[PDB]
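> First, the structure itself, so that you have it in front of you.
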Amino acid sequence: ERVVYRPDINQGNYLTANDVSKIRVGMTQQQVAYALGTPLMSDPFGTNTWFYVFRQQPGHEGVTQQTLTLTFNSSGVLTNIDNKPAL
Amino acid sequence: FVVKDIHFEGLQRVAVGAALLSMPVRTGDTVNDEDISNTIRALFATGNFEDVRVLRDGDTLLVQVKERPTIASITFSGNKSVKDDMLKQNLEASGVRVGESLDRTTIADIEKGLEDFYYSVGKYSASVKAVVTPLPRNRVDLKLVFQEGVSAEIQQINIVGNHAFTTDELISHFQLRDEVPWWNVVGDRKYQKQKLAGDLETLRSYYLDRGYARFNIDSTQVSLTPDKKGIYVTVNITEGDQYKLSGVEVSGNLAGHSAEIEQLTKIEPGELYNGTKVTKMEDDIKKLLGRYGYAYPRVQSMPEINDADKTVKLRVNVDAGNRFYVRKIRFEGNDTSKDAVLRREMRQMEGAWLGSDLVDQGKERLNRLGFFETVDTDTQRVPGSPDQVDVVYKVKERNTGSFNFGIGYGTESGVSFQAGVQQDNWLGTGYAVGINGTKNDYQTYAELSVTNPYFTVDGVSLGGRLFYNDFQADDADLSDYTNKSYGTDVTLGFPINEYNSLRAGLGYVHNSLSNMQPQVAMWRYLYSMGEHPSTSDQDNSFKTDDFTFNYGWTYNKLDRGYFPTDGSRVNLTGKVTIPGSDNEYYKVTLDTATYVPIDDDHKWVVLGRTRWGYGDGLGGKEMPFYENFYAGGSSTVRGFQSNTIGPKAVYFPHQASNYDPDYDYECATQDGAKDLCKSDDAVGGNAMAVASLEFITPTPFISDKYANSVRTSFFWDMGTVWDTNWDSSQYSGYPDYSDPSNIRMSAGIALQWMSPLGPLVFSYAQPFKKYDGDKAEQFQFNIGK
Amino acid sequence: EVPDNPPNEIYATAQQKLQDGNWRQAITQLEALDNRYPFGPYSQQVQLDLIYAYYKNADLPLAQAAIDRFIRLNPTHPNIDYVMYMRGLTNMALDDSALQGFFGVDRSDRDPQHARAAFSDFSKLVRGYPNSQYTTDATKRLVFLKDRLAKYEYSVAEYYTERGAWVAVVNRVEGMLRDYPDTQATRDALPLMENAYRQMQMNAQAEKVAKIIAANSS
Amino acid sequence: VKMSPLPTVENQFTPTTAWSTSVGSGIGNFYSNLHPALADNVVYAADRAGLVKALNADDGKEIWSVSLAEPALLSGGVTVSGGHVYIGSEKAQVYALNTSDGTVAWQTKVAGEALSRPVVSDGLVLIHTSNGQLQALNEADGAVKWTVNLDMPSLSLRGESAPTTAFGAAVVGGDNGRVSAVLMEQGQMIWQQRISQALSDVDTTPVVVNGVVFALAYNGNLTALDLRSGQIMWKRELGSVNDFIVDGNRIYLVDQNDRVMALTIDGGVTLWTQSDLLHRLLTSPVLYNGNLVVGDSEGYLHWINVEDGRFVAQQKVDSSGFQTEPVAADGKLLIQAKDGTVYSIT
Amino acid sequence: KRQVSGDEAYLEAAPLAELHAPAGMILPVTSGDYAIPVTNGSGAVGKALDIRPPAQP
């Protein structure tokens, strides 16, 4: 119930629109790391993919999550940018 | 001339093989006089030989040598001012130790090396001497004697300059002292080197806090008297002028938090310069950045001085750096507790951006638990990463159980046995478990309690209680007093914020009373319940079934569980009877405890403690007398016997049941009783108020490593219990038990020890304000709580 | 206490007491040997006996100290495999608790540092001295210790599943896949990882985890 | 080490106190140099508190009394020359007082605590400060003319060497075991010489006769130096902080262990030694009526024959004891006790 | 007396079993930190193993 106190639960990478706007296709992997910092999650199963999840769960308000997915090629060059701002 | 073969004499344990390895010459070698001289010189140089001499034949040479004795043991005597371990370490570091040999001349150097130790410690007149005793085997036992001399004392601390402040005011803050007040039992004038540096820095800080930005200490001199009993310390200074801070400019990489830092660096016009204030500003900027995840910012403040205007311009350069992330949270030292019992307390998450305040909150929540003696936290940068850290909490576990066992007085009522175990962290699972029992010729008692504080992940608590009580005055049904009771409680608790929680629960109680002695208060209650027993006899019985709704609230912000030094705790508990119960009443009780540290190290602490209780019947009924409050004892007022404070029973003249002479009876008509008789038997009341003031001090003789296990205190206790329904008009000739103003007071000393069996409490108190019928108990001992 | 006799007979009595099984008097003799007669002919055997007797009293910190001293002072010695095995034994004994064992408590979620040190020592022993007589027992103990460490990781993952920290759950199970891929707890962790992916709506990753579960389950 | 018992002496003459006068509260337990001065049949004495008096030399009656005092902490010997009385204090002030009425002639701040006895020569007043500075003050107005810097050890002995003057050069000892000679025109260094052996090695006031400088270090050596070069001529393994007397062809000294010795002027070979006063804290010796006189911390005065070294007389004077030096001049022997009383001994 | 302290509970540990990789994807590359090498099983185990110090003159 709403009477039970709950602390805030934060998960993932801290994302700001200014930081996300600096990513371009063709950027090097280290350049992306410089722009955003290290991603806390990545594909373990054989693809060069980075996941930036910006998830905030307030005590009783609904959760919000932004997901930015970056796919690099075999050489480490960014090839696809996927941004889901909500849900 | 040739060395036909190696020959040696007089040696027993020195190997001839190593000797052959060592000297310039060995078996079969052609040798000459110069080589012989070199060989004997080398044999002398071996160190482990005392002296060497040689026999030369026409064709070959032979040598004989004496072994140097090895040290069998090292012993010390005297050295009252300093115990033996570091002396042993210094002596061994000087090149002499057990299992190795020494020359007689080495004592001349060992004595100087040892006297230098006392010279450094502060005893310049000390002297040392040593003696060696031979063993039956070729070994020496070393006896060493210290004649430690008079310790030197500080004669004067003089400051040259210091036109702005007097010397006494300046040196009042120093740790060194040249004069001691009459009333000091501790503290001494004895000089110490590294303490002087701290006092010099204290002088620096004193002047820097008053705006003397260009203060410097020119030089300091320490000198001895010719007899080496006195010490003189002189400090030369140039204080200069005092400057007022013109303004603060902040620049660099603010990471978007410029406004907050500008608020942190705000100043009023014309304020004097102050070093500690700018240091606080820097630390506050670091703290502010730390909340947003900037763990390693660069903060540097550079003051710029105007010579003519005598004002300070302050430049602060800030670089926030990167925002850091928590990769792992680790726990070390939890050999008994589950990982989850500690992880549930965390406010910082794994796999999220760092918040330093969240880490601090987790540390504080761990300290508040009481399961650990110490808690430390370390933020370790992940090697090879620019922006990731691991957070490690290091704990030491402590005994959370208590074993309360005791034996009652062997009076005519027979031996009484009491036992019980209370455990807060059962098997490291976080469950609270308690078992209590008591066996007496009259009474058999049992109680069981189990609580799980984390019935849900959010900290909802669930727990229950069972108890059984049975008092029989005699082993027969021949109209003797009996009191049987049992019941159940179940409670649900949940938090409402970081520091506050609420409770709700249900309870059942059975009570069965038989053959009560007629007395005023019990029988006023019995009339309130609609019973009309006869006051002239003990043939009576009363039975009730009760259901209550339980409610509670607790505030807790203590700095740690077992020996608090800061914060306070407030607990509220209450009951109300559910419709359908036999009794109809409410009852509420309030507990508070507040700790105020009067010391930077929290060694001197003032504790304020209070207790309150009030209950009353709801309909025409009254509150049952078995729910009454009691006062007196180690829990409430230490100078008084347990439950003695408060109203006393008034008995009616009645025929005693199971009567036999050679027994004491109250208002027994068999003994000729004819009127109401006043007694000392405490009966409790429906209103209660207790307050205590305590002063917590360091323990005089316990060492630092054991200081956390002992607490000593001086206390002032006061309390009172009274009956709000006592009708003083009907009973004018007896004490007015409705008056709340009969305050008992006591004072004494208490000592708390965290023993292997749990906390032990010893106290001695003098109850210097008493009332009629109060029973004193000056010495008290208790287990648990 | 110990007489002033030469090392020979005091060492003989130390052997006698050690055979008798009174470890404490054996320690009193052997420590007298060590203190009074350093670098004697008996010093190596004295240190080995000291390690053994300390281990039998369960004077575990002293056993650690003696073992470390022996390794440091004797970098190579024909009996060093024994000392490595004793190091592993002492570390793996520090990981136990008598009272909890009596009640049947599963201790795998308590502090795993001692078990990790024991794993390090036994692994070093087995890959350093494969033909020694202690290697089979050390291998069995290594299997047990790997299971225990994987279980600790699984318990942390389960807690964060209950808290709702999905990134932490994903990363913990990934670490389990990297470090303990062949343990049972790693098999138990896969559904947690798939659930954590689905909670963040990372469907493409959850499908991969589901494929792993389907391929390995039977 | 225990303090030696008071020796049993059969007095060959009975010394008596001519007069006594109290001077405030004296120096007390503070180790200091303050001692009385005699000039023109007038005695000048002071105390640490700041009191200074003029006393008639043959009766002890007061002439004038003033206070320089917060205490002044007067710790520097009373010196009188040319109508001025000079006192230094631990607040780094040197006072010049008129001998006629005791009013302040001038007051000057110096570089440090003026522990040493002021020395007056060639129109200058020489001061040696605790922080290792030697300074010259004009005797008329009190202005500082020149300063000399001397190295200070980390740990030293309380007190400072007072310079001596010869042919325009001032010779002074140092806390680091050096004897320094400086030209008094501007304080230019002439030569410097170490007199310690291979630890505390503070130095005493030197004495010059026939072109030879005699100096004495605490644990170091008694040595004779050439006044021109400073080269060492001979040395002896003796040590003291007390002043020593050079008379005729003998040297009288009291070592750091309170042993009284006589030495030859050339070579420094020992003539005799007296050891009965061992570890009794003795004052510096003085010659009076052909005898050697020393006080002790218990308040006895001991009279020593200069030929063989045996005691000739013994008298109990004051209960507070004697720390600072006695004074003998113009046929009068003077000494001031710790409590501040000044005695005239006959 | 001669045996190791504790219990033989470690001998009851279940054997390790490697995971199978589904087609079209790999499993995470393994660290070497906990690789257990294959070795001869001829040695004694449990209470059967003598742990008294080996004799050497």
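Residues are referred to by chain and number: the chain letter is A, B, ... according to the order shown in the structure tokens, the number counts from 1 in that chain, and ligands are numbered separately from 1 in the order shown.
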Residues of chain E within 9 Å of chain A, counting only C-alpha atoms - could you list those as an MDAnalysis selection string?
chainID E and resid 24:29
> Those same residues, written as an mmCIF file, in the first residue's frame with C-alpha atoms?

data_model
loop_
_atom_site.group_PDB
_atom_site.id
_atom_site.type_symbol
_atom_site.label_atom_id
_atom_site.label_comp_id
_atom_site.auth_asym_id
_atom_site.auth_seq_id
_atom_site.Cartn_x
_atom_site.Cartn_y
_atom_site.Cartn_z
ATOM 1 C CA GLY E 24 23.961 -18.631 -33.730
ATOM 2 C CA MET E 25 25.329 -17.215 -30.469
ATOM 3 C CA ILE E 26 28.243 -17.688 -28.085
ATOM 4 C CA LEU E 27 28.444 -17.967 -24.322
ATOM 5 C CA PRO E 28 30.460 -15.340 -22.408
ATOM 6 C CA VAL E 29 34.193 -15.981 -22.621
#
> So that I can see what lies close to residue 103 (chain D), please list as a short mmCIF file (atom, residue, chain, number, x, y, z; two decimals) with N, CA, C and O atoms, in the first residue's frame the residues with an atom at most 9 Å from it, counting only C-alpha atoms and leaving out residues fewer than 6 positions away in the same chain.

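Written output follows (selection02.cif):
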data_model
loop_
_atom_site.label_atom_id
_atom_site.label_comp_id
_atom_site.auth_asym_id
_atom_site.auth_seq_id
_atom_site.Cartn_x
_atom_site.Cartn_y
_atom_site.Cartn_z
N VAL D 66 62.34 50.88 42.36
CA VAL D 66 61.45 51.06 41.22
C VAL D 66 60.99 49.70 40.73
O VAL D 66 61.57 48.66 41.06
N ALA D 96 67.99 50.48 30.41
CA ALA D 96 69.02 51.32 31.00
C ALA D 96 68.37 52.22 32.05
O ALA D 96 67.40 52.92 31.76
N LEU D 97 68.91 52.19 33.27
CA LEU D 97 68.36 52.92 34.40
C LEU D 97 69.40 53.90 34.93
O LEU D 97 70.59 53.58 35.01
#
> Based on only C-alpha atoms, which of the residues in chain D come within 7 Å of chain B? I want them as a ChimeraX atom specification.
/D:91,131,155-158
> How about saving the chosen residues, C-alpha atoms kept, as a PDB file, in the first residue's frame?

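Output saved as result-v4.pdb:
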ATOM      1  CA  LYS D  91      60.353  39.694  26.945  1.00  0.00           C
ATOM      2  CA  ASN D 131      67.787  32.566  19.688  1.00  0.00           C
ATOM      3  CA  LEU D 155      68.372  21.139  21.891  1.00  0.00           C
ATOM      4  CA  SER D 156      70.508  23.364  24.119  1.00  0.00           C
ATOM      5  CA  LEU D 157      71.164  24.315  27.746  1.00  0.00           C
ATOM      6  CA  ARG D 158      69.387  27.273  29.331  1.00  0.00           C
TER       7      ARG D 158
END
> Show me which bits of chain C are within 6 Å of chain B, counting only C-alpha atoms, as a list in words.
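Residues satisfying the distance criterion: residues 109, 110, 111, 167 and 168 of chain C.
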> With 8 Å as the cut-off and only C-alpha atoms counted, what is the closest atom pair between each nearby residue of region 120-159 of chain C and region 42-50 of chain E? Distances in Å to one decimal, ordered by chain and number, as JSON lines.

{"residue": "C:133", "atom": "CA", "partner": "E:43", "partner_atom": "CA", "distance": 5.4}
{"residue": "C:134", "atom": "CA", "partner": "E:43", "partner_atom": "CA", "distance": 6.7}
{"residue": "C:135", "atom": "CA", "partner": "E:43", "partner_atom": "CA", "distance": 7.0}
{"residue": "C:136", "atom": "CA", "partner": "E:43", "partner_atom": "CA", "distance": 5.4}
{"residue": "C:137", "atom": "CA", "partner": "E:45", "partner_atom": "CA", "distance": 4.8}
> Show me, as JSON, numbers by chain, the residues of chain A whose atoms get within 9 Å of chain C, using only C-alpha atoms for the distance check.
{"A": [9, 10, 11, 12, 40, 41, 43, 44, 45, 53, 55, 65, 67, 87]}
> Which residues of chain C come within 9 Å of chain E, and for each one, what is the closest pair of atoms and their distance in Å to one decimal, counting only C-alpha atoms, sorted by chain and residue number, as a Markdown table?

| residue | atom | partner | partner_atom | distance |
| --- | --- | --- | --- | --- |
| C:21 | CA | E:1 | CA | 6.8 |
| C:41 | CA | E:57 | CA | 8.7 |
| C:42 | CA | E:57 | CA | 8.5 |
| C:45 | CA | E:56 | CA | 7.5 |
| C:48 | CA | E:53 | CA | 6.1 |
| C:49 | CA | E:53 | CA | 6.3 |
| C:51 | CA | E:53 | CA | 8.7 |
| C:52 | CA | E:53 | CA | 6.8 |
| C:55 | CA | E:5 | CA | 8.5 |
| C:56 | CA | E:5 | CA | 7.3 |
| C:58 | CA | E:5 | CA | 8.6 |
| C:79 | CA | E:54 | CA | 7.4 |
| C:82 | CA | E:53 | CA | 7.6 |
| C:86 | CA | E:51 | CA | 8.4 |
| C:89 | CA | E:4 | CA | 8.3 |
| C:93 | CA | E:6 | CA | 7.2 |
| C:96 | CA | E:6 | CA | 8.3 |
| C:119 | CA | E:34 | CA | 8.1 |
| C:120 | CA | E:34 | CA | 8.6 |
| C:123 | CA | E:36 | CA | 7.1 |
| C:126 | CA | E:37 | CA | 7.8 |
| C:127 | CA | E:37 | CA | 7.1 |
| C:130 | CA | E:39 | CA | 6.7 |
| C:131 | CA | E:40 | CA | 7.9 |
| C:132 | CA | E:43 | CA | 8.3 |
| C:133 | CA | E:43 | CA | 5.4 |
| C:134 | CA | E:43 | CA | 6.7 |
| C:135 | CA | E:43 | CA | 7.0 |
| C:136 | CA | E:43 | CA | 5.4 |
| C:137 | CA | E:45 | CA | 4.8 |
| C:138 | CA | E:45 | CA | 8.6 |
| C:139 | CA | E:36 | CA | 7.3 |
| C:140 | CA | E:11 | CA | 6.3 |
| C:141 | CA | E:10 | CA | 6.2 |
| C:142 | CA | E:36 | CA | 7.2 |
| C:143 | CA | E:13 | CA | 7.1 |
| C:144 | CA | E:13 | CA | 5.6 |
| C:145 | CA | E:10 | CA | 8.5 |
| C:146 | CA | E:34 | CA | 7.2 |
| C:147 | CA | E:13 | CA | 7.8 |
| C:174 | CA | E:28 | CA | 7.6 |
| C:177 | CA | E:28 | CA | 6.4 |
| C:178 | CA | E:30 | CA | 4.5 |
| C:179 | CA | E:31 | CA | 5.6 |
| C:180 | CA | E:34 | CA | 7.1 |
| C:181 | CA | E:18 | CA | 6.7 |
| C:182 | CA | E:18 | CA | 4.6 |
| C:183 | CA | E:16 | CA | 5.7 |
| C:184 | CA | E:16 | CA | 7.6 |
| C:187 | CA | E:19 | CA | 8.5 |
| C:208 | CA | E:25 | CA | 8.0 |
| C:211 | CA | E:22 | CA | 6.5 |
| C:212 | CA | E:22 | CA | 5.9 |
| C:214 | CA | E:22 | CA | 8.6 |
| C:215 | CA | E:22 | CA | 6.0 |
| C:216 | CA | E:20 | CA | 6.0 |
> Between CA of residue 447 (chain B) and CA of residue 434 (chain B), what is the spacing in Å?
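Calculated distance between CA of residue 434 (chain B) and CA of residue 447 (chain B) is 7.9 Å.
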> Could you go through chain C and tell me which residues DSSP, when run on the backbone, assigns to alpha helix (DSSP H), listing them as a PyMOL selection string?
chain C and resi 7-20+23-36+43-57+60-73+80-94+98-102+113-128+135-163+166-179+184-199+203-216
> Skip residue 32 (chain B) itself and residues of its chain fewer than 4 positions away, then list as a short mmCIF file (atom, residue, chain, number, x, y, z; two decimals) with N, CA, C and O atoms, in the first residue's frame all residues within 9 Å of it, counting only C-alpha atoms.

data_model
loop_
_atom_site.label_atom_id
_atom_site.label_comp_id
_atom_site.auth_asym_id
_atom_site.auth_seq_id
_atom_site.Cartn_x
_atom_site.Cartn_y
_atom_site.Cartn_z
N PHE B 1 106.81 -25.95 2.39
CA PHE B 1 105.74 -25.84 3.43
C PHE B 1 104.37 -25.93 2.77
O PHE B 1 104.10 -25.23 1.79
N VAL B 2 103.51 -26.78 3.31
CA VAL B 2 102.20 -27.04 2.72
C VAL B 2 101.21 -27.33 3.83
O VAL B 2 101.58 -27.83 4.90
N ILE B 36 99.65 -17.19 6.15
CA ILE B 36 99.31 -17.62 7.51
C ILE B 36 98.79 -16.44 8.32
O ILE B 36 97.80 -16.56 9.07
N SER B 37 99.45 -15.29 8.20
CA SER B 37 98.99 -14.09 8.90
C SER B 37 97.60 -13.69 8.43
O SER B 37 96.73 -13.34 9.25
#
> Kindly assemble as CSV a list of the chain B residues that lie within 9 Å of chain A, each paired with its nearest atom pair and their distance in Å to one decimal, using only C-alpha atoms, sorted first by chain and then by ascending residue number.

residue,atom,partner,partner_atom,distance
B:322,CA,A:37,CA,8.2
B:323,CA,A:37,CA,8.2
B:324,CA,A:37,CA,8.8
B:325,CA,A:13,CA,8.0
B:327,CA,A:40,CA,7.8
B:347,CA,A:7,CA,7.3
B:348,CA,A:10,CA,8.5
B:349,CA,A:10,CA,6.8
B:350,CA,A:11,CA,7.7
B:351,CA,A:12,CA,5.6
B:352,CA,A:11,CA,4.6
B:353,CA,A:13,CA,6.6
B:385,CA,A:38,CA,8.3
B:386,CA,A:37,CA,8.2
B:387,CA,A:37,CA,7.0
B:388,CA,A:38,CA,8.3
B:458,CA,A:6,CA,6.3
B:459,CA,A:4,CA,8.7
B:460,CA,A:4,CA,8.0
B:494,CA,A:4,CA,6.3
B:495,CA,A:5,CA,5.7
B:496,CA,A:5,CA,4.8
B:497,CA,A:5,CA,5.6
B:498,CA,A:5,CA,8.0
> Save out the residues we just selected, C-alpha atoms, as a CSV table (one decimal), in the first residue's frame.

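Result written to part-v1.csv:
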chain,number,residue,atom,x,y,z
B,322,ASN,CA,33.8,12.6,-14.2
B,323,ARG,CA,30.5,11.2,-12.8
B,324,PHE,CA,31.3,7.9,-11.2
B,325,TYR,CA,29.3,4.7,-11.1
B,327,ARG,CA,30.0,-1.5,-10.0
B,347,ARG,CA,20.6,3.2,0.0
B,348,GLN,CA,23.2,3.1,-2.7
B,349,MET,CA,22.4,0.6,-5.4
B,350,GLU,CA,24.7,-1.6,-7.4
B,351,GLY,CA,24.8,-0.7,-11.1
B,352,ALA,CA,23.9,3.0,-10.7
B,353,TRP,CA,25.5,6.4,-10.5
B,385,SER,CA,38.4,2.4,-15.4
B,386,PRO,CA,38.0,6.2,-15.6
B,387,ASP,CA,34.5,6.3,-13.9
B,388,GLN,CA,33.8,3.2,-11.8
B,458,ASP,CA,10.5,-2.8,2.3
B,459,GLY,CA,11.0,-3.5,6.0
B,460,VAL,CA,7.5,-4.6,7.1
B,494,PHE,CA,6.0,-0.9,8.9
B,495,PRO,CA,8.1,2.3,8.3
B,496,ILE,CA,6.7,5.7,7.3
B,497,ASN,CA,10.1,7.4,6.7
B,498,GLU,CA,13.8,6.9,7.4
> To one decimal in Å, tell me the separation between CA of residue 390 (chain B) and CA of residue 329 (chain B).
6.0 Å
> Output as a PyMOL selection string all residues of region 394-555 of chain B that backbone DSSP marks as strand (DSSP E).
chain B and resi 394-397+401-403+406-407+417-426+431-439+443-452+461-472+482-495+500-514+541-555
> If we count only C-alpha atoms and set the cut-off at 9 Å, which residues sit around residue 314 (chain B), ignoring sequence neighbours fewer than 3 positions away in its own chain? Please answer as a PyMOL selection string.
chain B and resi 245-250+278+301-305
> CA of residue 56 (chain D) to CA of residue 115 (chain D): how many Å, to one decimal?
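Interatomic distance, CA of residue 56 (chain D) to CA of residue 115 (chain D): 26.7 Å.
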